[PDB]
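This document opens with one chain alone, in structure tokens, the form deposited in one PDB entry.
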């Protein structure tokens, strides 16, 4: 299975200055629940924003830099190599990768953030006729989670 996983606001902003605009712990928890034991493919600026591979899953970074190397990261250099990865693979961002892959993935796990944060990167448009909703549920809000958010799981039609 090849899956997108992303969080975006109502404007479909995902990022600003190579960081996430918002801090939403419940999104990070959701990330962890879905991806533990599986494989992440992240494009290079995303990897550099996060700064280190995430524990307890395989971290693959996509880059055209031949000398790119990092401890605990496998490196690929074209989108064709994504097909070759085994098991459940998550396209983990950023925009360049989401743009490239949205017409290729089997399904998408989207966290829709009920907010408007200014951004310099976006998640591509996606429509009702391409995607069917497998589930939609609202995240629980609390002292640490103050922005309303929906977890949406879409599967290609």
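Positions refer to the first chain, counted from 1. Residues that one form lacks are left out of the comparison. Here, rigid core means the biggest group of C-alpha atoms that superpose within 1.5 Å across both forms.
(request) Identify the stretch, either 62-70 or 87-95, whose C-alpha atoms have the larger mean B-factor according to the entry. (result) Taking the mean C-alpha B-factor of 62-70 and of 87-95, the larger value falls to 62-70.
(request) Look up the CA B-factors in the entry and say which stretch, 7-15 or 142-150, has the higher mean. (result) It is 142-150.
(message) By the CA temperature factor listed in this entry, which of these ranks top: 104, 39, 46, 121?
(response) Among 104, 39, 46, 121, the PDB entry lists the largest C-alpha B-factor for 104.
(request) Sorting the chain's modelled residues by C-alpha B-factor, tell me whether residue 111 ends up in the lowest, middle or highest third. (result) Lowest third.
(message) Sorting by Cα B-factor within the chain, modelled residues only, which third would residue 54 end up in: lowest, middle or highest?
(response) It belongs to the highest third of the chain when residues are ordered by C-alpha B-factor.
One more form of this protein exists, namely the form deposited in another entry; it is left out here, but the text below deals with it.
(message) Aligning on the core only, does the CA of residue 147 end up 2 angstroms or more away between this form and the one not shown?
(response) Moves: no, less than 2 Å.
(request) Align both forms on the core first, then report whether residue 135 has a C-alpha shift of 2 Å or more between this form and the one not shown. (result) No: residue 135 shifts by under 2 Å between this form and the one not shown.
(request) Answer with closer or farther for the CA-CA spacing of residue 17 and residue 26 in the other form compared to the shown form; it moves by 3 Å or more. (result) Here the pair is farther apart than in the other form; there, closer.
(message) Thinking of the 3 angstroms or more shift, are the C-alphas of residue 15 and residue 24 brought closer or pushed farther apart in the other form than in this view?
(response) Compared with the form shown here, the C-alpha atoms of residue 15 and residue 24 sit closer together in the other form, by 3 Å or more.
(request) Considering only residues modelled in both forms, extract each run of at least three consecutive residues whose CA displacement is 2 Å or more throughout between this form and the one not shown after core superposition, in sequence order. (result) Run moving 2 Å or more: only 15-22.
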